[PDB]
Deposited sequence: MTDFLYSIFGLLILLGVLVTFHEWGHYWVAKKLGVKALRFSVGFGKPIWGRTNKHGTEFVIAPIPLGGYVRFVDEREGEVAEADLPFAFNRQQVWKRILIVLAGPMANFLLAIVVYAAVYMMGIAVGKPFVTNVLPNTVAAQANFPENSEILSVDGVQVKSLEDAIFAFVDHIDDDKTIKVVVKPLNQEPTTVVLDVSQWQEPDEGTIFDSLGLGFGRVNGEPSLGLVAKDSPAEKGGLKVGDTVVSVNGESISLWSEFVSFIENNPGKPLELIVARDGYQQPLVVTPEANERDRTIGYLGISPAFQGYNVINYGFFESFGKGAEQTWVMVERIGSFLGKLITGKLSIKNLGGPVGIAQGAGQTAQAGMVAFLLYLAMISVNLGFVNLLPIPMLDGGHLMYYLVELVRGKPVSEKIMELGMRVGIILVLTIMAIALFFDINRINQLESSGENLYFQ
């Protein structure tokens, strides 16, 4: 029953964070400009939390966080004496109101940045760039590319995912004559393969990998077990962690794929195998079980030894830049979605990605010209109507980059 409890708790956390940070961007742009706010309400329904600070702002929280507001001072909405008169929203300049109404929608964006900057720093799980099929009679076939191996790097440029591999390939195809690929076969030390890409020009229609002959797929390896679950057919059959299956039903195997082939295709029927346990060839008998999602598939309850995924660690400002990139990508995605009108992760990381995506979506939808919205006001001021610093900032950051590389050459031989 924790399903509903947990999903509702997560949804409330997400909505509360988003609305609170939108209204907090509003209130912060108000406070850092002299425009004193009046009320800071978050959510819909019956207020439960109401606090007044030093000035007089009334922070109010509500249980239904489908939208909030920050009310300021208007001569039609209220009236304050000369004590706080030049701090009213309508009395202020029309120039400050542009930054005031833009505080919220940008804030969401900023939030996404941070959130993305938080997930690229810690790490993220991606699929290994694993070649499983070498096409006959292609460029990778002339080089005798190792069928079944994990791509480590292309032209020295290290790759830790599939998109990295395709980018490193596309970038260096028509830039020089050949391409060196560092790749690791199974049970072997890493080795380099040279691809002659001089004669081949471009294929107007076709996968850029099939043009070279690189078929990708699942990661493979030895039939060694890394995990065995409790109350699993493997545990009852005597399979242990560290066992290497040598043969199944007389037929010797050499890959995890053959073992899963024997497992999935024979549910409920016992398989007599021989495994290499601690340098000892030992016979076992295990009976696969009918899978829960598909009784056609046989289920044994084992996980392979070899590592399947990769984790990408990023620094500080590199992660900030990647987060800005992903936020802009989300912006373009929701833009195309609106134009239509007219990946296994590791825990809460997926929830943070969903939070950032929904933040981008909210900052985009509330920045459109609609009746009562921030974008409505930004359009209201748009169709109603410095550089020294602009150059000095780029000058300063260029000097910083140069000095940082100077220190990098020394403080940071064959």
Inset, instruction - Quickly check which stretches of the deposited sequence aren't in the model, judged by C-alpha, and list them in order. - result: 343 to 363, 407 to 422, 450 to 454
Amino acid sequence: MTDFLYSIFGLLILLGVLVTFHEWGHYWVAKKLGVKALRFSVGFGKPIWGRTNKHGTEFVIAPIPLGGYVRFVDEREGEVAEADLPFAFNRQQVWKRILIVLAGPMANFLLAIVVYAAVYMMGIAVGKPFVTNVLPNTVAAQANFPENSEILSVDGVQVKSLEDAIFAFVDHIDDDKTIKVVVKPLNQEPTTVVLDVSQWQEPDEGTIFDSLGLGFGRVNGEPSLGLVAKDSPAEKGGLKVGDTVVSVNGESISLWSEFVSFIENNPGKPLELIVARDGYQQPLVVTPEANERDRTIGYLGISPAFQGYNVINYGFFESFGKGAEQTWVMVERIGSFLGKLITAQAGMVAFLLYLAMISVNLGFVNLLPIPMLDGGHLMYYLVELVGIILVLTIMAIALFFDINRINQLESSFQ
From here on, numbers count along this sequence of modelled residues.
Legend entry - Segment of higher mean CA temperature factor, 371 to 379 or 346 to 354: 371 to 379
Legend entry - Between 217 to 225 and 99 to 107 (mean CA B-factor, as deposited), the higher: 99 to 107
Inset, instruction - Just grab whichever of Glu289, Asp231, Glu79, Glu258 has the top CA B-factor as deposited. - result: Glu79
Legend entry - Entry-reported Cα temperature factor of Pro203, expressed as the chain third it lands in: highest
Legend entry - Ranked C-alpha temperature factor of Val331 among modelled chain residues, by third: middle
Legend entry - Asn90 by Cα B-factor - lowest, middle or highest third of the modelled chain: highest
Legend entry - B-factor third for the C-alpha atom of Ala83 within its chain: highest
Inset, instruction - For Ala324, return the chain-relative third of its C-alpha B-factor as stated in the PDB record: lowest, middle or highest. - result: middle
